[PDB]
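Structure, as structure tokens:
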Amino acid sequence: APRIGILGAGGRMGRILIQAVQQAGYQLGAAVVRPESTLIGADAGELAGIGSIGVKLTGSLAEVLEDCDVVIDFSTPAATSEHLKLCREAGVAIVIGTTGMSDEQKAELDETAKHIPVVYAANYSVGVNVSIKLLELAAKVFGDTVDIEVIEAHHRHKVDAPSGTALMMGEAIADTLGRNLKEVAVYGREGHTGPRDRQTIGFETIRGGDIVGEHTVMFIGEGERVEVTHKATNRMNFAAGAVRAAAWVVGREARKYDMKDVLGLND
Amino acid sequence: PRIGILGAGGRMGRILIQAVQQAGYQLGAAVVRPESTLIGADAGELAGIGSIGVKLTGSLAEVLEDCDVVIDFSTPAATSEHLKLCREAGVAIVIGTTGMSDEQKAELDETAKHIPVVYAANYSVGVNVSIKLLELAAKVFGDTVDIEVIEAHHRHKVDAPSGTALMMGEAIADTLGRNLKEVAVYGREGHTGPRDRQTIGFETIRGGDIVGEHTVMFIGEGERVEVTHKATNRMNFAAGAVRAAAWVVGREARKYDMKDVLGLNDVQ
Amino acid sequence: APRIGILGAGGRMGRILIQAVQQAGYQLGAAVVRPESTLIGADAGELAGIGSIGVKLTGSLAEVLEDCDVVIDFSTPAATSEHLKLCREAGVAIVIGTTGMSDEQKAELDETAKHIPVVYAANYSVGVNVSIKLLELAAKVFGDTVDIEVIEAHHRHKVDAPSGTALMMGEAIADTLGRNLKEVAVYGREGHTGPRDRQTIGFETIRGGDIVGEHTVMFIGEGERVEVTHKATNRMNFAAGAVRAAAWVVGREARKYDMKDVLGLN
Amino acid sequence: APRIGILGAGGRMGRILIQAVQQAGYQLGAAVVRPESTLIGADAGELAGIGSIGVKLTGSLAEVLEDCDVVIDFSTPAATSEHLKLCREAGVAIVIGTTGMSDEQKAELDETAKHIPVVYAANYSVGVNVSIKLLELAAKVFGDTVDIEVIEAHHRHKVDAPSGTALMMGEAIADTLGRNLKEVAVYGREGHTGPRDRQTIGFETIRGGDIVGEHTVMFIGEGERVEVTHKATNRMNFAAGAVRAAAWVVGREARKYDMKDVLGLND
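Protein chains in written order, with the authors' numbering: chain C, 4 to 270; chain B, 5 to 272; chain D, 4 to 269; chain A, 4 to 270.
Here it is as structure tokens:
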């Protein structure tokens, strides 16, 4: 079985990753926090809400890398830089989900991936990555015979429209169909719009309440319609995907991998 | 009741004949333009329900004695003469002609002072029911929900959102005391910021051959209530018009709409 | 403004009820716990996660009734029995959402409701109660011209099908249409079922994953369809409804009330 | 450009197929009916509601096969047998959508498919075949991590439950996951069902009104859900797929093909 270490194990996301490791039947290899954290010495399982599991929060990643085959890192881009060097010298694979890394930090990641296996993905949700593959496959088959509309819904606090996931989906469809998203995208409809251009990709964005996040793509043809939909119940399905990527990457050739590799979608 | 169909030759007329027979009523008459080719043919056979013993006439006045109520889905000029004739004969009329002139609509109100007249923006029973549900849900939820209107229609529709969506949004704004033109939003792009509670959002989907779907979302904290109307075809106006026709027979001469016909004004 | 007290303030539902009182802008009048609870003396606002609010947890309901105009009780039927007798003597209204009261305990409630105002509802979610009213109205208008199908979805751990909410919706429609649900209900379809009887009310129950709770009623006609749907994001929309009932019932005549009364649906 | 002939050109499906041939820009090569038909001599385009196109209904398939590269046959299994022998001797490919052929009649097809190209598919809707491929792919990735539920809706007259299309989808999913559908299928839920078995594939069948046909497969996981949905607006989307298969099969090696081949779904 693979030994998975969780970096930043004290934060909100770390605790979820600890539950995901134990729920997948894996051994928690390590739980690391900042060397000055209040929680050093606490039980990771107790802290994660699953009761004691015998792994305690430590503050030195280098001291626990021998106990791990892979580590999962959802922290700060600066902390990921230090985590990359330690895993390189120790030969431990790393699954990185840190958002907002600089172009220099992202380059440091790419060169590390020539020495250790590295997983880097924009989204670790298994369902989202699956959805994208379905969209690409349906788009290749439907070709120019369907009107493509992207509908998403989110809570009333979201400041951006459409969501990054909705745009990620439209981008994959536009790449598949050979269209330029900025040219063919439409974000509203009011008044005498005229009839619909087949090249148009329409984005309908719903805002309200506390909706966690729903995305639907409609391939609308003559006489029929195919919908691909992903709905999130909570903000926690990154963990199951990240843990699945960690188990998958153990013992593989040193390259940079994404969730398309992990899920066998590049076929 | 004996129900007559005006403009019985057209696409909508033929559907109305089916609706009368499908509702178990006796078709009292079937009238077409006085220069129509089909004058003399049997209405039932032409409508696809087999012979029923009523033939197409080009003279509405000659068969008014054979009817208790008549249904008119034609052109605004054709209804005006038909409205005048029904007044003198004392036969009720259900009018669904779109785009009636300001003088013709005033002629209707005076006609409704002599005979009962039904005039509604939409004769689909489901659409009218939904709008009542929207009003009822809106009054109870008040300002505790973010309201979003989603509709879908075929790729040939030139106007957005549909009249039905705006009719629904208008009903909600009136219940909530909002001005729809002030609070409506038809698209979202870029840094929209957080949602204003007063906003009523309209998301319009276009594609393929979708006949017509409308969903209103009352989105609160922890839960959501949706009212949805979906149309399979463009013929569900007929069942309502026939229902309005049977309802208006033998009633006091006023102007009625589908809220009266469906008993929707009786709950608040 | 009304002073609302929360019973069982240490439990999961009690803490949520404290948040709902503060989220609605009301002043928390009291917070009572089991007489053997550890938390007596701690601050309710802090204990509920909204920061200190100046109300401390007590173990004596009788000692704090003077500070409240109404109390909300989501506890056990045995504890509710003591709460019903105590609230009667103090003249404080009570909102009860305890499930599973005995036929004798429910009778104790009805006799109590002759002295103090009592709100008792099967479901305190505002959305659900609204949904049932939409169903009743749609059912009255459509009559026997539509096929009615009830679809619900819940997480994979739910042992009962259909949900109580779905049956509550189905029952409301059957009463409107004059049908006997036990006679006309259908819970599955397999093989040569034949054509559909118009009287049938069909129940499609979806089970999977962690779905909190979705309920859809379809009025399916010829050429069109009307759907009324309620979707739950979490298990907490009872609290806002209960708090709204608490504020609504303050100072009213002593009867038994439900959420139809609170929301003006009757 | 392929010359497509339509057999049974007088019937409901024949008229729809004529529309589909012209809507695709193809040449109507022939329009054939029974030699004793009333419609012999009528213009196929006029009969299909698209105005004259200059091809008239004939009663002899052998006399017009030289005008065709492929023919489309939605008739009776007895008539399809005769058309197979004629197309074989004439070397013209054929697309068959006739339902209910015997095990011997299906064998006549397989031996014919060694001489001429033959397309035979259970369902010619492009969207449905796309949907099935999407289900197989999602099922392979999710594996045993999701509860799978099939929801379908049809008009109040449908006598069979679930629909053949819903069963077809469950069969594709059960095959991908290594499950036996008859063992894991559940068609209703009433009373104390207990908690859900992960292996179960649940079928919820909706009946009412005049619904043409809706099918939804829910892959329900922990924290998220992915739905694949196909909706039919009318009973005519078989035609476009059959026409698309007709053009695809022209000039290909004599084998038996299905819509997975036509749409590039095999891999």
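Virtual Cβ for every residue (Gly too), placed ideally from N, Cα, C.
Taken in chain order, the complete alpha helix (DSSP H) segments of 4 or more residues contained in the stretch 239–268 of chain C are 240–252 and 262–265. Between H118 (chain D) and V229 (chain B), the CB-CB gap reaches or exceeds 7 Å. Taking CB atoms only, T208 (chain B) has a neighbour in chain C less than 7 Å away.
Rounded to the nearest whole angstrom, the CA to CA distance from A110 (chain B) to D213 (chain B) is 37 Å. If you look at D178 (chain C), you'll find it isn't in any beta strand (DSSP E); it sits in the alpha helix (DSSP H) that goes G167 to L180. DSSP places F222 (chain C) inside the beta strand (DSSP E), whose first and last residues are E217 to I223. Taking each of B:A248, B:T208 and B:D270 in turn and checking the Cα distance to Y260 (chain B), the smallest one comes out for B:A248.
Looking at the backbone, the Cα of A242 (chain B) and that of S78 (chain A) are separated by about 35 Å. DSSP places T41 (chain C) in the coil class of the three-state scheme, outside both helix and strand.
By the neighbour-count criterion, in which a residue is buried when 16 or more other Cβ atoms sit within 10 angstroms of its Cβ, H86 (chain B) is buried.
Nearest to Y123 (chain B) by C-alpha distance, out of B:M104, B:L137, B:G100 and B:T115, is B:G100. Contact of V162 (chain A) with chain D is assigned, a C-beta pair being separated by under 7 Å. Going by DSSP, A47 (chain C) is part of the alpha helix (DSSP H) stretching over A47 to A51. Here the stretch 214–225 of chain B lies against the stretch 163–181 of chain B, with 3 or more beta-carbon pairs under 8 Å apart.
Listed in chain order, the positions of the stretch 190–204 of chain C with a beta carbon within less than 9 Å of a beta carbon of chain B are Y190, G191, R192, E193, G194, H195, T196, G197, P198, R199, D200, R201 and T203. Taking the beta carbon of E155 (chain D) as reference, no residue of chain B falls within 8 Å; the closest one sits roughly 14 Å away.
Pairing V95 (chain C) with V73 (chain C), the inter-Cα distance amounts to about 5 Å.
Per DSSP, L64 (chain A) is not a residue of any beta strand (DSSP E), being assigned neither H nor E. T179 (chain A) does not reach chain B, its nearest Cβ partner there being about 29 Å away, counting only Cβ pairs nearer than 7 Å. The closest CA to that of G191 (chain D), considering only D:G52, D:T41 and D:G205, is found on D:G205. Residue nearest to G17 (chain B) within the set B:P198, B:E69 and B:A47 is B:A47 (criterion: CA-CA distance).
Counting only runs of 4+ residues, the alpha helix (DSSP H) found wholly inside the stretch 112–174 of chain A occupies 129–145, in chain order. Three or more Cβ pairs closer than 8 Å define a contact, and the stretch 249–268 of chain B falls short of that threshold against the stretch 28–37 of chain D. Close CB contacts of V149 (chain B) within its chain, under the 7 Å cut and outside five residues either way in sequence, are with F222, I223 and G224 (chain order). Within the same chain, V215 and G216 come within 6 Å of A235 (chain D) by CB-CB distance, once the 5 residues on both sides are set aside. Within the same chain, Cβ atoms closer than 7 Å to the Cβ of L180 (chain C) are found at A142, the five residues on either side in sequence being excluded. For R18 (chain A), the uninterrupted alpha helix (DSSP H) segment begins and ends at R15 to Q26.
At a beta-carbon threshold of 7 Å, none of the residues of chain D lie near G216 (chain A); the nearest stands roughly 13 Å away. Measuring C-alpha to C-alpha distances from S55 (chain D) to each of D:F145, D:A45 and D:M104 identifies D:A45 as the nearest. For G52 (chain A), there are no neighbours in chain C by C-beta distance under 9 Å, as the nearest C-beta there is about 15 Å away. Short of 6 Å from the beta carbon of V189 (chain A), and not among the five residues preceding or following it, lie these beta carbons of its own chain, in chain order: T203 and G205.
At a cut-off of 7 Å between beta carbons, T232 (chain D) contacts chain B.
Taking the beta carbon of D213 (chain D) as reference, the chain C residues within 9 Å of it are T236 and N237, listed in sequence order.
Straight-line spacing of the CA atoms in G52 (chain C) and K59 (chain C) works out to 14 Å. Here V162 (chain D) is exposed: its Cβ has fewer than 16 other Cβ atoms, across all protein chains shown, within 10 Å. Contact with chain B is found for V144 (chain D), since one of that chain's Cβ atoms lies less than 7 Å from the residue's Cβ.
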